[PDB]
Structure formats: structure tokens, C-alpha cells
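To start, the structure itself, in C-alpha cells.
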Amino acid sequence: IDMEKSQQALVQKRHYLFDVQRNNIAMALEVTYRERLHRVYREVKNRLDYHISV
Amino acid sequence: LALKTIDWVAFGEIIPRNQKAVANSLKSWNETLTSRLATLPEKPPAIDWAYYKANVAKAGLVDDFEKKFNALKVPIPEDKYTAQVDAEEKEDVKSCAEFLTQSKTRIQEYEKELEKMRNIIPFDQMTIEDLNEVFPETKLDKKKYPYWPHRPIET
């Protein structure tokens with residue numbers, strides 16, 4: 001009886017895995033977003049630094 | 001950017017032994033990417049267009065690129081992994097439909113047998129047939145041992 005009850009309780013958290021998956025993938029997309037922003041900023045500043053140094 | 005709470009110990013009880021390896025691999029993905037995000041800041045700062053134009057004697061290239069930059073817009077990545085959600089629901093089916101009712105009936109059974117235990121009369125009241133039907137394992141299966149005592153004597 002109690003083993004079955006334990007399985008029933010374990011069912012409740014049966015979704016957490018996909019919650020984790022979603023969090024990870026979404027935040028990875030956010031990572032790509034943010035790094036793209038920082039990289040474009042970097043490139044523009046570098047390109048203008050070229051001419052400043054000139 | 002909505003990140004939710006987790007009790008990873010319970011999570012670890014989730015996956016069958018087969019996919020546990022990839023489960024922990026993606027867990028490591030999670031932690032590493034979390035830290036990596038913690039590293040970089042929220043926003044690339046503003047470009048000092050005024051200072052650049054000041055020092056940069058170049059005729060218009062300064063504000064040229066200023067304007068062009070300000071016009072340019074980044075490609076935000078698009079949700080494409082974001083598809084396996086039915087997994088949850090179909091997993092929900094396996095646990096909440098395909099396992100809920102089967103476990104439920106297993107219980108109702110076990111309940112019934114249990115309550116069928118307290119109703120057993122005290123042994124003083126009982127009689128060999130009482131044991132026979134209560135515990136069929138106490139039967140003497142005469143069909144295999146039609147002669148007395150119906151069990152191998154050494155048994």
C-alpha cells in the first residue's frame with residue numbers, strides 16, 4: 001500500500017524534468033541574444049578605434 | 001527569462017536508468033549556462049558618439065556609423081526547440097491516466113483483501129476449511145495426492 005502511495009506522490013513531480021528542459025533552452029536562446037548584442041557593440045567600437053588610432 | 005525553483009534531489013528520482021546519463025548532461029548544461037549568463041552584463045553600453053566625433057576628425061563617418069548602428073537591429077533567436085510540450089502531457093498521461101487508474105485499482109484490491117483480514121474469525125472458532133479458503137496455500141490439493149494424508153510425509 002505505502003509503496004503504491006509513494007509512486008502516486010512521485011507522479012506529482014513527474015513534470016519537473018521538462019520544466020528544467022524549458023528553462024535551459026529558453027535561457028540559452030537569451031544567451032545567444034545577449035552575446036549577439038555585446039558582440040555587435042564590440043565590433044563597432046573596435047572598428048571606430050581603428051580610425052582613432054590612425 | 002522566467003527561471004523557476006527546483007528541488008534537484010526529487011528531480012533525480014525522475015528519469016529511468018536509461019536516460020539518466022543525458023539527464024545529468026543537460027543538468028550540467030543548465031548549471032554551466034547559468035554561470036555563463038551570470039558572467040556577462042545585461043546590455044552592451046552606449047557608444048560615446050559625441051567623444052568619437054570630437055576626437056575623430058573624420059568628416060561624417062562618425063555620425064554615419066552612429067546612425068547606421070542605431071538603425072541596425074539584432075536577429076533575436078526564435079523558439080524552435082520549444083516543441084516537446086506534449087511530452088509533459090503525454091508523460092502526464094502515462095503517470096496520471098495510464099498509471100493513476102491502474103495503481104488505483106491495485107489499491108482498491110489490496111484494501112479489499114486487507115479488510116478481508118480483520119473479518120477472519122478467531123482461530124479457536126475456525127476449522128480446517130477456514131484456513132483452506134483463507135490461505136489456499138494450506139490446501140492439500142488431493143487431486144495431486146488423492147491418498148491420505150495428501151502431502152509427502154517427509155513434507
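Naming scheme: A, B, ... for chains in displayed order of the C-alpha cells; residues 1 onward per chain; ligands 1 onward as shown.
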
How close does chain B get to chain A? List, as JSON lines, each residue of chain B within 8 Å, its nearest atom pair and the distance in Å to one decimal, counting only C-alpha atoms.
{"residue": "B:1", "atom": "CA", "partner": "A:27", "partner_atom": "CA", "distance": 6.3}
{"residue": "B:2", "atom": "CA", "partner": "A:23", "partner_atom": "CA", "distance": 7.5}
{"residue": "B:3", "atom": "CA", "partner": "A:23", "partner_atom": "CA", "distance": 6.0}
{"residue": "B:4", "atom": "CA", "partner": "A:23", "partner_atom": "CA", "distance": 7.7}
{"residue": "B:6", "atom": "CA", "partner": "A:16", "partner_atom": "CA", "distance": 7.7}
{"residue": "B:10", "atom": "CA", "partner": "A:13", "partner_atom": "CA", "distance": 7.6}
{"residue": "B:11", "atom": "CA", "partner": "A:16", "partner_atom": "CA", "distance": 6.5}
{"residue": "B:14", "atom": "CA", "partner": "A:14", "partner_atom": "CA", "distance": 6.4}
{"residue": "B:26", "atom": "CA", "partner": "A:21", "partner_atom": "CA", "distance": 7.8}
{"residue": "B:29", "atom": "CA", "partner": "A:24", "partner_atom": "CA", "distance": 7.5}
{"residue": "B:30", "atom": "CA", "partner": "A:24", "partner_atom": "CA", "distance": 5.4}
{"residue": "B:33", "atom": "CA", "partner": "A:28", "partner_atom": "CA", "distance": 6.9}
{"residue": "B:34", "atom": "CA", "partner": "A:27", "partner_atom": "CA", "distance": 8.0}
{"residue": "B:37", "atom": "CA", "partner": "A:31", "partner_atom": "CA", "distance": 6.5}
{"residue": "B:42", "atom": "CA", "partner": "A:34", "partner_atom": "CA", "distance": 7.1}
{"residue": "B:43", "atom": "CA", "partner": "A:38", "partner_atom": "CA", "distance": 7.0}
{"residue": "B:44", "atom": "CA", "partner": "A:38", "partner_atom": "CA", "distance": 4.9}
{"residue": "B:45", "atom": "CA", "partner": "A:41", "partner_atom": "CA", "distance": 7.8}
{"residue": "B:47", "atom": "CA", "partner": "A:45", "partner_atom": "CA", "distance": 7.2}
{"residue": "B:52", "atom": "CA", "partner": "A:52", "partner_atom": "CA", "distance": 8.0}
{"residue": "B:55", "atom": "CA", "partner": "A:52", "partner_atom": "CA", "distance": 7.3}
{"residue": "B:56", "atom": "CA", "partner": "A:52", "partner_atom": "CA", "distance": 6.0}
{"residue": "B:62", "atom": "CA", "partner": "A:48", "partner_atom": "CA", "distance": 7.8}
{"residue": "B:74", "atom": "CA", "partner": "A:37", "partner_atom": "CA", "distance": 7.0}
{"residue": "B:75", "atom": "CA", "partner": "A:33", "partner_atom": "CA", "distance": 7.8}
{"residue": "B:76", "atom": "CA", "partner": "A:33", "partner_atom": "CA", "distance": 5.7}
{"residue": "B:77", "atom": "CA", "partner": "A:29", "partner_atom": "CA", "distance": 6.1}
{"residue": "B:78", "atom": "CA", "partner": "A:29", "partner_atom": "CA", "distance": 7.8}
{"residue": "B:79", "atom": "CA", "partner": "A:26", "partner_atom": "CA", "distance": 7.8}
{"residue": "B:81", "atom": "CA", "partner": "A:25", "partner_atom": "CA", "distance": 7.2}
{"residue": "B:82", "atom": "CA", "partner": "A:22", "partner_atom": "CA", "distance": 7.3}
{"residue": "B:85", "atom": "CA", "partner": "A:18", "partner_atom": "CA", "distance": 7.7}
{"residue": "B:87", "atom": "CA", "partner": "A:18", "partner_atom": "CA", "distance": 8.0}
{"residue": "B:88", "atom": "CA", "partner": "A:15", "partner_atom": "CA", "distance": 5.9}
{"residue": "B:91", "atom": "CA", "partner": "A:14", "partner_atom": "CA", "distance": 7.6}
{"residue": "B:92", "atom": "CA", "partner": "A:14", "partner_atom": "CA", "distance": 7.4}
{"residue": "B:95", "atom": "CA", "partner": "A:11", "partner_atom": "CA", "distance": 5.8}
{"residue": "B:96", "atom": "CA", "partner": "A:11", "partner_atom": "CA", "distance": 7.2}
{"residue": "B:100", "atom": "CA", "partner": "A:8", "partner_atom": "CA", "distance": 7.4}
{"residue": "B:103", "atom": "CA", "partner": "A:4", "partner_atom": "CA", "distance": 6.8}
{"residue": "B:107", "atom": "CA", "partner": "A:1", "partner_atom": "CA", "distance": 6.7}
{"residue": "B:110", "atom": "CA", "partner": "A:1", "partner_atom": "CA", "distance": 7.2}

Keeping only N, CA and C atoms, take the residues you just selected and write them out as a tab-separated table (two decimals), in the first residue's frame.
chain	number	residue	atom	x	y	z
B	1	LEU	N	12.76	34.89	-19.64
B	1	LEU	CA	13.78	34.94	-18.61
B	1	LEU	C	13.23	34.47	-17.26
B	2	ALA	N	12.12	33.74	-17.31
B	2	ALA	CA	11.47	33.23	-16.10
B	2	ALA	C	12.11	31.90	-15.73
B	3	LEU	N	12.90	31.91	-14.66
B	3	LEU	CA	13.58	30.72	-14.17
B	3	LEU	C	12.97	30.33	-12.83
B	4	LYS	N	12.61	29.06	-12.70
B	4	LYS	CA	11.77	28.59	-11.60
B	4	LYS	C	12.56	27.69	-10.66
B	6	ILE	N	13.62	24.60	-8.07
B	6	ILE	CA	13.80	23.17	-8.29
B	6	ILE	C	14.33	22.54	-7.01
B	10	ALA	N	14.63	15.48	-5.65
B	10	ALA	CA	13.44	14.84	-6.19
B	10	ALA	C	13.57	14.65	-7.69
B	11	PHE	N	14.06	15.67	-8.38
B	11	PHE	CA	14.26	15.57	-9.82
B	11	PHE	C	15.06	14.32	-10.17
B	14	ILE	N	13.55	11.07	-11.19
B	14	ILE	CA	12.58	11.17	-12.27
B	14	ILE	C	12.87	10.13	-13.35
B	26	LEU	N	22.40	17.28	-19.44
B	26	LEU	CA	21.64	18.51	-19.61
B	26	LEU	C	21.56	19.30	-18.32
B	29	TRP	N	24.62	21.18	-18.53
B	29	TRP	CA	24.30	22.27	-19.45
B	29	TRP	C	23.65	23.42	-18.70
B	30	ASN	N	22.64	23.10	-17.89
B	30	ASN	CA	21.92	24.12	-17.15
B	30	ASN	C	22.86	24.92	-16.27
B	33	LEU	N	25.53	27.03	-18.28
B	33	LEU	CA	24.93	28.17	-18.95
B	33	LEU	C	24.45	29.21	-17.95
B	34	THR	N	23.94	28.77	-16.80
B	34	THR	CA	23.53	29.71	-15.77
B	34	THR	C	24.70	30.56	-15.32
B	37	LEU	N	25.79	33.01	-18.10
B	37	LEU	CA	24.94	34.19	-18.10
B	37	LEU	C	25.29	35.11	-16.94
B	42	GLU	N	23.95	42.77	-18.59
B	42	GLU	CA	22.65	42.76	-19.23
B	42	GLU	C	22.67	43.39	-20.62
B	43	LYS	N	23.50	44.42	-20.82
B	43	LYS	CA	23.40	45.25	-22.01
B	43	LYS	C	24.77	45.79	-22.43
B	44	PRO	N	25.08	45.82	-23.72
B	44	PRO	CA	26.32	46.48	-24.16
B	44	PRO	C	26.18	47.99	-24.07
B	45	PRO	N	27.11	48.67	-23.39
B	45	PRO	CA	26.87	50.08	-23.05
B	45	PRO	C	26.76	50.97	-24.27
B	47	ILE	N	27.72	53.83	-26.99
B	47	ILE	CA	28.93	54.28	-27.68
B	47	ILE	C	29.00	55.79	-27.60
B	52	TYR	N	33.65	60.44	-29.77
B	52	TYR	CA	34.24	59.97	-31.02
B	52	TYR	C	34.27	61.07	-32.06
B	55	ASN	N	37.09	63.63	-31.05
B	55	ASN	CA	38.43	63.18	-31.43
B	55	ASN	C	38.48	62.80	-32.90
B	56	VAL	N	37.48	62.08	-33.39
B	56	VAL	CA	37.51	61.58	-34.75
B	56	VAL	C	37.25	62.74	-35.69
B	62	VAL	N	31.83	59.23	-38.54
B	62	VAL	CA	31.48	59.08	-37.14
B	62	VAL	C	29.97	58.97	-37.01
B	74	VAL	N	19.20	43.60	-34.03
B	74	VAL	CA	19.74	42.24	-33.92
B	74	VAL	C	18.67	41.21	-34.28
B	75	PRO	N	19.05	40.10	-34.92
B	75	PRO	CA	18.13	38.95	-35.04
B	75	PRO	C	17.99	38.24	-33.71
B	76	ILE	N	16.83	38.38	-33.08
B	76	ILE	CA	16.54	37.60	-31.88
B	76	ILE	C	16.31	36.15	-32.28
B	77	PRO	N	16.90	35.17	-31.59
B	77	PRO	CA	16.64	33.78	-31.94
B	77	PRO	C	15.19	33.42	-31.68
B	78	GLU	N	14.71	32.40	-32.40
B	78	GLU	CA	13.30	32.04	-32.41
B	78	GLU	C	13.11	30.67	-31.77
B	79	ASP	N	12.02	30.53	-31.02
B	79	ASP	CA	11.71	29.28	-30.34
B	79	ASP	C	11.49	28.16	-31.35
B	81	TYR	N	13.32	24.68	-30.54
B	81	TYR	CA	13.27	23.58	-29.58
B	81	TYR	C	11.93	23.55	-28.86
B	82	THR	N	11.25	24.69	-28.77
B	82	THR	CA	10.09	24.82	-27.90
B	82	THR	C	8.91	24.05	-28.47
B	85	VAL	N	6.31	19.90	-25.75
B	85	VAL	CA	5.49	20.14	-24.57
B	85	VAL	C	4.51	19.00	-24.37
B	87	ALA	N	5.10	16.06	-24.64
B	87	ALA	CA	5.84	15.14	-23.79
B	87	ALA	C	5.29	15.21	-22.37
B	88	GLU	N	5.38	16.40	-21.76
B	88	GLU	CA	4.80	16.61	-20.45
B	88	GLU	C	3.42	15.96	-20.38
B	91	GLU	N	3.51	12.35	-20.98
B	91	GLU	CA	4.04	11.83	-19.73
B	91	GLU	C	2.98	11.91	-18.64
B	92	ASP	N	2.29	13.05	-18.57
B	92	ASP	CA	1.16	13.18	-17.65
B	92	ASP	C	0.18	12.03	-17.85
B	95	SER	N	1.61	8.76	-16.34
B	95	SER	CA	1.56	8.79	-14.89
B	95	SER	C	0.16	9.03	-14.35
B	96	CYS	N	-0.60	9.95	-14.95
B	96	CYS	CA	-1.87	10.39	-14.39
B	96	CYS	C	-3.07	9.66	-14.98
B	100	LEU	N	-2.40	6.17	-13.09
B	100	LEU	CA	-3.27	6.53	-11.97
B	100	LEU	C	-4.34	5.48	-11.74
B	103	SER	N	-2.90	1.85	-10.80
B	103	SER	CA	-2.50	1.86	-9.41
B	103	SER	C	-3.72	1.93	-8.50
B	107	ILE	N	-4.83	-0.73	-5.66
B	107	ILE	CA	-5.14	-0.38	-4.28
B	107	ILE	C	-6.48	-0.96	-3.88
B	110	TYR	N	-6.14	-4.25	-2.92
B	110	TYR	CA	-5.38	-4.55	-1.71
B	110	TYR	C	-6.15	-4.13	-0.46

Please provide as a VMD selection string all residues within 7 Å of segment 137-141 of chain B, with the sequence filter that same-chain residues fewer than 5 positions apart are discarded (counting only C-alpha atoms).
chain B and resid 131 to 132 150 to 151

Write out as a ChimeraX atom specification the residues lying within 10 Å of residue 53 of chain B, counting only C-alpha atoms and excluding same-chain residues fewer than 5 positions away.
/A:52 /B:48,58-63,66

Could you tell me how far atom CA of residue 27 of chain B lies from atom CA of residue 12 of chain B, in Å and to one decimal?
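Atom CA of residue 12 of chain B lies 10.1 Å from atom CA of residue 27 of chain B.
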
Point-to-point distance from atom CA of residue 108 of chain B to atom CA of residue 129 of chain B, Å rounded to tenths:
26.5 Å

Using Å and a single decimal, report how far atom CA of residue 15 of chain B sits from atom CA of residue 99 of chain B.
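Rounded to one decimal, the two atoms are 15.8 Å apart.
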